[PDB]
Amino acid sequence: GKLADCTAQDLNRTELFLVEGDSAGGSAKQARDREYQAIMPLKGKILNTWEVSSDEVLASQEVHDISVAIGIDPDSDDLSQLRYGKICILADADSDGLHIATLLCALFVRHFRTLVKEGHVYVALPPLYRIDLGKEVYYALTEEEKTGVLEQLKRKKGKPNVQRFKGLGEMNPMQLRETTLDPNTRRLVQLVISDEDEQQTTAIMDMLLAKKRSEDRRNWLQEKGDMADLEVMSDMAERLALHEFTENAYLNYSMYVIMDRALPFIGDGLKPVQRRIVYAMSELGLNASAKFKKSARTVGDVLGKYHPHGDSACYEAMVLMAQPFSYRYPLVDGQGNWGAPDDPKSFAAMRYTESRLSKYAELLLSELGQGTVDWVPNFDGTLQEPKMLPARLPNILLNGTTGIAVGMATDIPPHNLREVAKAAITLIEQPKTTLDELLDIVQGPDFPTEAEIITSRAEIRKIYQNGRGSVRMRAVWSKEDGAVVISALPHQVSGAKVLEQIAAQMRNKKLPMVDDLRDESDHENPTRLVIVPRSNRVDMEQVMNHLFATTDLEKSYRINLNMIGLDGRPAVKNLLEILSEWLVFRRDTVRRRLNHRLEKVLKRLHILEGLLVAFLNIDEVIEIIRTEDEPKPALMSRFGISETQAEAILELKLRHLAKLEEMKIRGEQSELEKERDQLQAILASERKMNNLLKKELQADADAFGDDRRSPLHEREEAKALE
Amino acid sequence: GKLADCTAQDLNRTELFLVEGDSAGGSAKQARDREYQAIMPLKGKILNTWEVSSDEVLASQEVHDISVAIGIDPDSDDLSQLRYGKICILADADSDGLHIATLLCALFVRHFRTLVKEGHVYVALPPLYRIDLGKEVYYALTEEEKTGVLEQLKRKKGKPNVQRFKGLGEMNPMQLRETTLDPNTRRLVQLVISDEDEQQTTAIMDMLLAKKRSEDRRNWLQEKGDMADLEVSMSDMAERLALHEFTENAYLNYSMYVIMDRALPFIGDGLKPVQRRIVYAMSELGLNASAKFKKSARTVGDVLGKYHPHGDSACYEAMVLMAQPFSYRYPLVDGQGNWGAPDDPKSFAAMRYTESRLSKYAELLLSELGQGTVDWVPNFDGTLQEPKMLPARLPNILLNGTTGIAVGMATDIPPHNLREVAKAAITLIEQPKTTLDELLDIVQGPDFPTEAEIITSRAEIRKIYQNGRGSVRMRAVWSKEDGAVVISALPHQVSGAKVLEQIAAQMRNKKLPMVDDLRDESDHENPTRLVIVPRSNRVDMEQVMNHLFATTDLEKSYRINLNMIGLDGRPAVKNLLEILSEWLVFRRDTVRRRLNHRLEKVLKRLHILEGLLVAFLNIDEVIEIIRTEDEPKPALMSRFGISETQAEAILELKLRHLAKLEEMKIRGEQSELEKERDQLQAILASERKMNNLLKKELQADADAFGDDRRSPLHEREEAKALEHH
DNA sequence: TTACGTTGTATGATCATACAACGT
DNA sequence: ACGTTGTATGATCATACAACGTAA
Ligand SMILES: Cn1c(=O)ccc2ccc(F)c(CCNC[C@H]3CN(c4cnc5c(n4)NC(=O)CO5)C(=O)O3)c21
């Protein structure tokens, strides 16, 4: 039993539901009104059928099963020949479910135009959130309706307990039946194109799901976001046009992917999943000095506390943060099979691996508790998570992330820590610093390989001025004992792949100067593959140039400095803009940290003053406590003391009545007064704060920095043979 | 995978390593000596190859990959020269790894006996424990001397720790190379079946790896357990070993681990270790019955990273089984999401799309956990503590029951009614010399979580509960409406869809031409409603029902094997009287421990209160001593004849407590604690008082958690109707 | 009369997609 | 044309082990 069939052929009311996965499929099949309804499970996502011919959809198995399970052949039939009466799209209310629904809708448009023109295609409106503040069960579908509860929430008892349905599997079968399956209360919407909106629907769908219209999708997203800035409805409708449903669903999915899935934040240089992973690891006490713990617990904590997504993506992000060959400055230190340079994805499983935070990760979490960043409730509302991290160094450039989203993408390469820190310090010293001065300090990307960067300085200047660009890297080809020994490989290049590519040269004998191909790599020499050419009359250097031109020993890397800025909007920024925005972020975080410490110092100083007042009149204070029935107001009135100070006096212990504790209090008061003076002076003068920032950056660079790994030297274009 | 072949054909020294999986495969491939060694991954276990013919081993991919990767066809001969000289087994030192090694050894002996006689079979001895103090690489596997190289760290920093390395994944590739792959430090052992002991080896292996002789292996296990007051000065280093020793020891270890830690429940809490770890981790997560639901992914991660060193899928399956009402008579887990269906129990969702919490019944296992009721043991990493047992207020081993299969033994404990078992326990406490028949007058028998009917006679049930082993039978519950048979209840673990398919198969084959309409009128209001409409009112529907019972799944049998781990720590088959008596002993022990814990707390607090009152009487002198003496504790002890803990309590008193209201509160606390101490000592001093308290507690638990019997017991005929010319 | 199918903790892996952007 | 980079949507397979009941 792969699908679910009914026990009736009456086309009047027979219904088929296309669900996301068998996790929801089980709930749908157990909650179904069989002989009336049917459920068809799909193995995950489907394929964009807009840019594929109607005769060529015979490769995927989900759509093949749909075609066998549906009367309509994939071509434009228009005949009735229908198995199930009503065809419904049952996709989860999350943005990813909306994307799957949009893909299914595109498939239903390019191949089943009759099923929409006749009016037999329906879309389910499943809820995503349930609010239970009492006997006031409330359901919502989107975050824009999960925030309208802040209106009728005029209660001070019975706190709301929001529950987010992770798709449909989280939903109980009876709840799913009542919301989206039982016709007496289900919110099914008939999707109609009609002659009035046929052209409009075709135009919008072509704009959305086209491989070449991505520019017009960027324009669409920009325009809608801009007019959303101005104005951030559901009228309980039984029918809707495709041009509205598909447009809204793809807008939601694109915005979610752009701002919550694939683009990093300028401050911490992390995508949301990475931030949640690091925060959950910190909350587990998995600091660099702690003992290793199973990655399974970390993944479970991330999924059950902050991230409502899959296991595999979280584990892949963890491995990427832990792999030295993927991250220039890894955030995770691991024990076990954490991948290999030739096969990065050959890592073990969360049951057979141990993980801990790296020392570098301290630069993202040292100031987390000192009111530095804003915090937001999690999906269930039972916890709080940091929206950002107090990055002491600009991790967006030191490590860099590569990601692809809807409309946009990003390919930020890593850079050297010390050089970027020096650039930031120079920018602080001279705010009106040109890009060229910074490029004289950073010189460009610093990949985690000992290979060479061959792109010219002028091209790098163009890339760092316009943002977009491409860099190129080569190999080290130094000769020892008359034999060529390759010691360093380009980034994301497998030695086995290079050997297999060279084997094409060996078999085709385009260059018959070779005499063997062996890999003598060992633990002492990480990569040692020896290629023995002819004698010393052939000038093998040009043959190496040809090999660079043909094989993967010289490769290019895209650069797209696209990120979410402090304004909350994606944008492409140059080196100067990135550094300025990160400096603003660091100044803000340092100000918040200083204010937090100042508040703590002032409160403790007030308490210490009250304690000293109590110590001066200890006998009278004890007499008042032992004689007066309400000693707190009496203490407040007699000594002109505050309620918090009176409570501190009342909470003093007998052991503190000794003179040594009084001396300790006096010393603490003196030190805290000096600290308060220093903090107030720093917060009052801009130059003092700039000096503090420069000192912190220099100290962090000296304590956590390292030398450049990939030297930058200009090289020729190579290329040969024709 | 792609067998990661080497770049050399020298048959003299080429080595192939069989690993347990690509998780360990990556580390092995990174730890390999290039063209000197090779690694072939295996997808878990393969098969017991002892009782399979030499022509039936070659298959699609399991044995075929090994045979191709080695060249030697399993023909007991043909020792050619194709791929690799030496064949090595790289299995983890854990009991499952020993099982894998035993299976591989069976495959290599029953079909490649020449490859062992000539000497080409080696076993790796990888370490399981790691001490990580310094920058001096340490590896060693052992259990008798949990010391050793540790002691050579009396000149560096750091305190002893423990790393269990899981099975192989936790090892770093370089660590794997140093331990079991690089010959300069590798500890490989050549497995040789000497010609002098071959007859003995075949005798042992036939005892071990036989589908039918495995049953009577309990005598081997029983003897080894009995001879526990003996132990091998260790096996030291031999550089070579006989299979008769290696296979016997490995299979003994694996069988003991499966019996006592994987498949048999403990008599006290009635739980297998994985279930206990799940429940404990849920309790430590605050997932009480009154708490909010949390994602099962977090629970599984906690179980795997804190207490259970095994796979996630098995843990999730056990959790789902504990949560399904149609699987557990008294479920321990309450869930939100797709937690399965009675017709498709394994159709549940995933731990990312489901929420879980402990059930109210689970309180009966954890309410007294925080006291001194149970023993605690360090976990695998040594950074936490785990309860060896749970303070079961009721005998969950009989109320819920578990079914499991292990090496040598198995167990099929059926569920029972809570109230009936509680009444039986109360009667046993009242009359210790109560016969089995008297208990059976209260306990009617098993109580499955279905409204179906139990048809086995009372005498047969008595025989089952007297001899332990037996079999029970259940028949569906059906009712006639409008002259048509309506089935309302189905037997346990029976899908309605399966019954409908079976009856439709009979209808299509026209075995029963008296039928006229087989319909499924099941709905949410009525869980099971299967309607059989016969062709008219002259058809003997009773005989057709008897035929269906004899032929379809409407009548099913259930094995009963009351095998469990007793308080002695040894598996045994126990009868109803033995189970009840042993659990009563366990409950008495736990209650005594709880009372002693509360008594100790009460006495310590009374001591502190006495010190506080003494301080209150002489507050001025105490304050003067504190303000004048640098070390006030000995001075207070000398002046007031007071204890060190009392002196510290006086020093930790707050100024707000110096008021008269706090003194009155302390005096009231003292009076209440004196009464509590008197009551606890009276209960602990008299057996009759403790027995009365136990009866009261059992009755209260039965009244708060009990329910009526779900499966009535009514005797029915043998059926066996129709199917004749 | 002899071969298959369960129950349940365990050993373990593999399959099809979206989405932007450039080099081959 | 294809093949990558990486967070995301959802699943699929081969076994051990005891003990009885179909069932062919
Ligand atoms: C994992 N595979 C393979 O290799 C090979 C083939 C294959 C075929 C179909 C499949 F469908 C799967 C996935 C199994 N089904 C996934 C479960 C596991 N899981 C989860 C979550 N969080 C965890 C954890 N497991 N494990 C821990 O230890 C703690 O964290 C879920 O939520 O769905 C497969």
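Quickly run through the range B:346-364 and pick out the residues that are within 14 Å of another protein chain (Cβ to nearest Cβ) and part of a loop (DSSP other than H, G, I, E, B).
Residues satisfying the conditions are B:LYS346, B:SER347, B:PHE348, B:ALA349, B:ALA350, B:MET351, B:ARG352, B:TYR353, B:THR354.
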- Name the single residue, out of those in the range A:238-247 being in a helix (DSSP H, G or I) and touching a helix residue (DSSP H, G or I) at 6+ places or on another chain (Cβ under 8 Å), that is surrounded by the most Cβ atoms within 10 Å (Cβ to Cβ). A:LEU242
- Task: May I ask you to list the residues in the range B:507-523 that are surrounded by 12 or more Cβ atoms within 10 Å (Cβ to Cβ) and out of contact with any helix residue (DSSP H, G or I) (no Cβ under 7 Å at 6 or more places or on another chain)?
- Result: B:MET507, B:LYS511, B:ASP516, B:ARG519
- Query: On the given criteria, is A:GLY334 farther than 26 Å from A:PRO414 by Cα and either more than 9 Å from every other protein chain (Cβ to nearest Cβ) or outside any loop (DSSP other than H, G, I, E, B) (or both)?
  - Reply: no
- Query: In the range B:22-40, what residues are within 14 Å of chain A (Cβ to nearest Cβ) and farther than 15 Å from B:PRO173 by Cβ?
  - Reply: B:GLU35, B:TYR36
- Of all residues in the range A:397-409, how many are farther than 16 Å from A:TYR256 by Cβ and within 12 Å of DNA strand D (Cβ to nearest atom)? 4
- Message: For the structure I just gave you, tell me whether A:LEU42 is among the hydrophobic types (A, V, I, L, M, F, W, C) and either in a loop (DSSP other than H, G, I, E, B) or within 16 Å of the ligand (Cβ to nearest atom) (or both).
- Response: yes
- Among the residues of the range A:252-285, write down those that are part of a loop (DSSP other than H, G, I, E, B), surrounded by fewer than 23 Cβ atoms within 10 Å (Cβ to Cβ) and away from DNA strand C (no atom under 16 Å from the Cβ). A:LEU284, A:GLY285
- Query: Given the structure, is A:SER358 hydroxyl-bearing (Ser, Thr, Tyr), surrounded by fewer than 24 Cβ atoms within 10 Å (Cβ to Cβ) and in contact with an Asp or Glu (Cβ under 8 Å, 6 or more places away or on another chain)?
  - Reply: yes
- Regarding B:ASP343, is this residue within 14 Å of chain A (Cβ to nearest Cβ), under 27 Å from A:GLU170 (Cβ atoms), surrounded by fewer than 22 Cβ atoms within 10 Å (Cβ to Cβ) and within 16 Å of DNA strand C (Cβ to nearest atom)? yes
- Query: Does the range A:407-414 include one or more residues that are crowded, with 17+ Cβ neighbours inside 10 Å and in a strand (DSSP E or B)?
  - Reply: yes
- Task: Give the residues of the range B:328-378 that are under 21 Å from the mean Cα position of the chain (by Cα), within 16 Å of the ligand (Cβ to nearest atom) and polar (S, T, N, Q), sorted by residue number.
- Result: B:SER356
- Only one of these conditions is not met by B:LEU168: (1) away from chain A (no Cβ under 14 Å); (2) of a type outside the set (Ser, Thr, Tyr); (3) surrounded by 18 or more Cβ atoms within 10 Å (Cβ to Cβ); (4) under 30 Å from B:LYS29 (Cα atoms). Which number is it? (1)
- Residues satisfying the stated conditions in the range A:304-330, i.e. in contact with a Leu (Cβ under 7 Å, 6 or more places away or on another chain) and away from DNA strand C (no atom under 16 Å from the Cβ): A:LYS305, A:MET321, A:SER326, A:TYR327, A:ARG328, A:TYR329
- Filter the range B:75-99 for residues that are within 16 Å of DNA strand C (Cβ to nearest atom) and of a type in the set (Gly, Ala, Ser); the one that is nearest to the other protein chains (Cβ to nearest Cβ) is B:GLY97
- Message: Return the residues of the range A:610-657 that are away from chain B (no Cβ under 13 Å) and either within 18 Å of B:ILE619 (Cβ to Cβ) or in contact with a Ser or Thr (Cβ under 9 Å, 6 or more places away or on another chain) (or both); say none if nothing qualifies.
- Response: A:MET636
- Checked the range B:12-52 for anything in contact with a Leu (Cβ under 9 Å, 6 or more places away or on another chain), among the β-branched types (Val, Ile, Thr) and more than 27 Å from B:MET207 (Cα to Cα); matches are B:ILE39
- Neighbours by Cβ (under 7 Å, 6+ apart or cross-chain): first from the range A:161-181, more than 12 Å from A:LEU90 (Cβ to Cβ); second part of a helix (DSSP H, G or I) and polar (S, T, N, Q): A:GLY169/A:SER23; A:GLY169/A:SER27; A:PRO173/A:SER27; A:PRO173/A:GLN30
- Scan the range A:705-722 for residues that are over 16 Å from A:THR455 (Cα atoms) and touching a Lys or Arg at 6+ places or on another chain (Cβ under 7 Å) and jot them down. A:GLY705
- Message: Based on this model, can you work out whether A:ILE665 counts as within 14 Å of chain B (Cβ to nearest Cβ) and in a helix (DSSP H, G or I)?
- Response: no
- Residue hits (the range B:288-319; away from the ligand (no atom under 16 Å from the Cβ) and under 29 Å from B:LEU567 (Cβ atoms)) are B:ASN288, B:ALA289
- Would you be able to tell me the number of residues in the range B:698-725 that are assigned to a helix (DSSP H, G or I) and surrounded by 15 or more Cβ atoms within 10 Å (Cβ to Cβ)? 5
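A quick yes/no check of all residues on (1) assigned to a helix (DSSP H, G or I); (2) within 13 Å of DNA strand D (Cβ to nearest atom); (3) over 28 Å from the mean Cα position of the chain (by Cα):
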position: A:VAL68; (1), (2), (3): yes, no, yes
position: A:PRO74; (1), (2), (3): no, no, yes
position: A:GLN81; (1), (2), (3): no, no, yes
position: A:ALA93; (1), (2), (3): no, yes, no
position: A:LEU98; (1), (2), (3): yes, yes, no
position: A:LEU107; (1), (2), (3): yes, no, yes
- What residue, among those in the range A:286-303 that are farther than 17 Å from B:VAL303 by Cβ and not polar (S, T, N, Q), is farthest from DNA strand C (Cβ to nearest atom)? A:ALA288
- Task: May I ask you to say which residue of A:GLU367, A:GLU316 is among the acidic types (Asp, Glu) and either part of a strand (DSSP E or B) or within 15 Å of DNA strand D (Cβ to nearest atom) (or both)?
- Result: A:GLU316
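Here is a yes/no grid of residues against (1) in contact with an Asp or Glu (Cβ under 8 Å, 6 or more places away or on another chain); (2) more than 15 Å from B:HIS724 (Cβ to Cβ); (3) part of a loop (DSSP other than H, G, I, E, B):
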{"site": "B:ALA504", "(1), (2), (3)": "no, yes, no"}
{"site": "B:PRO513", "(1), (2), (3)": "no, no, yes"}
{"site": "B:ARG519", "(1), (2), (3)": "no, yes, no"}
{"site": "B:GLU525", "(1), (2), (3)": "no, yes, yes"}
{"site": "B:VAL531", "(1), (2), (3)": "yes, yes, no"}
{"site": "B:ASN537", "(1), (2), (3)": "no, yes, yes"}
{"site": "B:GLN543", "(1), (2), (3)": "no, no, no"}
{"site": "B:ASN546", "(1), (2), (3)": "yes, no, no"}
{"site": "B:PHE549", "(1), (2), (3)": "yes, yes, no"}
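Condition check ((1) more than 50 Å from the chain's Cα centre (by Cα); (2) loosely packed, with under 15 Cβ neighbours inside 10 Å; (3) under 23 Å from A:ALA646 (Cα atoms)) across all residues:
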position	(1), (2), (3)
B:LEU595	no, no, no
B:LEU603	no, yes, no
B:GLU610	no, no, no
B:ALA615	yes, no, no
B:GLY641	yes, yes, no
B:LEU655	yes, no, yes
B:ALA659	yes, no, yes
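All Cβ positions, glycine included, derive from the backbone under ideal geometry; neighbour counts span all protein chains shown. Rule-based calculations on the coordinates, nothing more; no lab input.
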